Amino acid sequence: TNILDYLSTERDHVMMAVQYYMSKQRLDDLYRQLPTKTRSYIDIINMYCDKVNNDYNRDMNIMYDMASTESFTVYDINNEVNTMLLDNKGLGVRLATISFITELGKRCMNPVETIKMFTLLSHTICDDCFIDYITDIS
Amino acid sequence: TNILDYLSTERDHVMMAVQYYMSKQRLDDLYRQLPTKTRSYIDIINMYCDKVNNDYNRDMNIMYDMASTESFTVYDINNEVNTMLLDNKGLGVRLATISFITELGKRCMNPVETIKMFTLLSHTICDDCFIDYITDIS
Amino acid sequence: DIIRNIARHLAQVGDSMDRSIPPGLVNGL
Amino acid sequence: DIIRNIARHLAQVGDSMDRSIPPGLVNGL
């Protein structure tokens with residue numbers, strides 16, 4: 001899953017550039033339009049996931065390198081997460097899952113499959129429990 | 001298609017924040033990994049689409065406001081574009097289409113449908129003709 | 001339909017931008 | 001499978017981060 005192995009022809013480079021442009025423009029514009037509340041939540045997720053990534057670096061890295069070794073579906077990642085969040089109502093596990101899914105996305109070169117994963121897993125992560133924490137902290 | 005009408009509950013705000021975090025992190029990391037060549041192409045697309053947007057502002061705006069009035073599919077947008085690019089081998093039309101599809105994406109609140117559109121239309125836009133221009137200009 | 005109209009509009013804008021570039025500076029134009 | 005192992009790992013990391021926050025500062029923790 002090395003970026004260079006996906007950028008073999010000029011068409012590959014140009015198509016990457018166009019897809020990046022479209023996605024970057026869209027994300028910048030979305031943020032420009034977001035309510036202050038939503039922006040505050042983004043900042044919290046940023047700061048708290050950075051703490052997980054910092055404080056548990058070696059743990060997170062292990063989880064990444066294990067996901068590398070085996071092949072599995074977005075579906076079953078999702079279902080494995082939903083099971084954990086059912087009986088674990090902690091804040092930490094939700095933050096760690098966001099960091100983990102985010103890393104998985106960084107390692108995925110299929111943009112449609114990536115957004116599908118982010119979209120599904122964001123539904124799973126944002127249960128009543130998570131919403132209560134985020135609104136409490138904010 | 002106003003952002004506020006999609007952000008009705010706290011769950012809506014938090015899910016938006018998580019999805020933004022994941023997508024932004026992914027895009028930043030992708031750029032950090034891109035070859036200089038690809039980055040050069042992104043800069044060209046940025047500069048040339050900015051020129052279209054500037055020099056033909058009133059034209060582009062009209063096209064946006066018309067797309068607002070009617071409902072149509074990504075499929076038929078795509079096929080309408082492919083038809084134009086078949087018999088029009090100009091640079092301009094390709095740049096204008098990128099700007100147009102990018103705007104459509106900014107106005108779409110469904111992230112999966114948005115990336116599907118960007119992905120499909122980027123394939124259509126990046127024909128041999130476009131690649132020849134981009135490599136010539138770069 | 002409308003989609004066709006927009007696409008035609010895009011080609012017209014594109015061609016006019018092409019014609020505004022001094023000839024020779026971009027191969028193919 | 002592995003997926004289960006990772007998910008279990010995520011909960012362990014999460015719970016340890018929760019326990020490192022002084023009690024009371026976050027409702028529910």
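Below are the figures for this structure:
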item	result
Cα-based helix-to-principal-axis angle, A:128-137 vs chain A, degrees rounded to 10	80 degrees
Shortest-first nm distances, residue B:3 label point to equivalent points in other copies (7 Å, Cα→Cβ)	2.7
Alpha-carbon Debye profile of the protein assembly as shown, log10 I(q)/I(0) at 0.09 Å⁻¹	-0.54
Pairwise Cα inverse-distance average, inverted: Kirkwood Rh of chain B (Å)	16.8 Å
At most 15 other Cβ within 10 Å, DSSP loop - chymotrypsin sites (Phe, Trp or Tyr not before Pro), the stretch A:1-88	A:72
Inter-copy spacing of residue B:55 label points, which lie 7 Å from Cα along Cα→Cβ, given in nm from shortest upward	5.5
Helix axis angle, A:10-33 relative to chain A longest principal axis, alpha carbon, degrees	30 degrees
Members of A:37/B:116; A:89/B:24; B:24/B:89; A:24/A:89; A:89/A:116 lying beyond 31 Å, as alpha-carbon distances in this model show	B:24/B:89; A:24/A:89
Estimated vicinal HN-Hα couplings, Hz - the stretch C:7-23 in sequence order (Karplus 6.51, -1.76, 1.60; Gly, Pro = x)	4, 4, 5, 4, 5, 5, 4, x, 5, 5, 5, 4, 6, 7, 7, x, x
Note, ³J(HN,Hα) from phi for the stretch B:92-105, Karplus 6.51, -1.76, 1.60, rounded to Hz, x at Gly and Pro	x, 5, 5, 4, 4, 5, 4, 4, 5, 5, 4, 4, 4, x
Nearest-first distances (nm) between copies at residue A:82, label 7 Å from Cα via Cβ	3.5
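Readers should treat all values here as calculations from the given coordinates under stated rules, not as data from a laboratory. Methodologically, a virtual Cβ is constructed for each residue, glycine included, from the backbone with ideal geometry; neighbour enumeration extends over all protein chains shown.
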